[PDB]
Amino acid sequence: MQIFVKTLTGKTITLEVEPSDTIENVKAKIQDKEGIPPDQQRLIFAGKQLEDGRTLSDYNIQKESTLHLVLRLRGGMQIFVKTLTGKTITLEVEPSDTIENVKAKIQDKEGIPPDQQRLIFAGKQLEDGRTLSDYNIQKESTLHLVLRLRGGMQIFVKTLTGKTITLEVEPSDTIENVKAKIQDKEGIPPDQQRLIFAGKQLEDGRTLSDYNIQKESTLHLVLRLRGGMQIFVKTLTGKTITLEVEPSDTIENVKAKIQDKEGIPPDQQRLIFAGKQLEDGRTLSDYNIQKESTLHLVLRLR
């Protein structure tokens, strides 16, 4: 039907509904017509306290009758956002709220546009589509706010394996930087990544601006069967196997790649390169280990 809702400020908003509905699900129709959560709403008509869910037609409420809306100053949950100036602001939230919802409320209080907003909780940046309950953000937690600078944006990278990841970037960033950020998130070394936007292969050395890559753009990621550097390892049997490695790979990094192939636990592996034993904290580079160098694998008997 059609009923009216007048706050004490005189404002009358109006939507349609049927008498079968209850008090509880009307508030949910109020929240997306001008924007007030249901834990801040209390409805009155004819001095009968409308209590969260005895049928509308149980209170005798007909079409065209006007309801009275009262508003709490406060919901059930507050969080605090610390700004880089040292200003701390207070937000009214529900655990169901998305980080984009939280961003809109920050715009409402402070004028900062959402696409310029970066939010950090417990050293971890929070992504637009997840909720406060997903990050374990509870009553009275403090988020930190960082503004994007220098045209800064988020972009998305998509593989064929379905995975869609989000990246924090700037237009000055090069394709190599983007790949490095993909490495930092996903473990994939950059010499195994190729990136496609529109239908151009993205050249190392060019920047996001060069390819005209704007906010919330989507790049596609394709993975190579091999990088640029392989080394050979000799098995316990005595077969050669090949490893995709980088000079900054650590020796624990190399042992794991051997476990993937020979299934020998890393705490059981001993790696020799031209007489010397490879120590765990160390990299390939520190040992003067080149492409196509050969290592020997021996057990530790622990």
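Numbering starts at 1 and runs along the sequence shown.
J.: Would 204-212 or 157-165 have the larger average of its C-alpha temperature factors, as given in the entry?
T.: The entry gives the higher C-alpha B-factor average to 157-165.
J.: According to the deposited model, is the average Cα temperature factor higher in 34-42 or in 255-263?
T.: The stretch with the larger average C-alpha B-factor is 34-42.
J.: Identify, among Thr237, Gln269, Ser248, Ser57, the residue whose C-alpha carries the highest B-factor in the deposited PDB entry.
T.: The listed residue with the largest C-alpha B-factor is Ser57.
J.: Taking the entry's C-alpha B-factors for this chain, is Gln192 in the lowest, middle or highest third?
T.: Lowest third of the chain for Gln192's C-alpha B-factor.
J.: Looking at the temperature factor on the CA atom of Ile13, which third of the chain's modelled residues does it land in?
T.: Tercile = highest for this residue's CA B-factor.
J.: What third of the chain, by the recorded C-alpha B-factor, contains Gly199?
T.: Highest third, going by the recorded CA B-factors of the chain.
J.: For the chain shown, is the CA B-factor of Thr85 in the lowest, middle or highest third of its modelled residues?
T.: Within its chain, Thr85 is a highest-third residue by C-alpha B-factor, going by the deposited values.
J.: Using only modelled residues of the chain, where does the Cα B factor of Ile289 rank: lowest third, middle third or highest third?
T.: It falls in the middle third of the chain.
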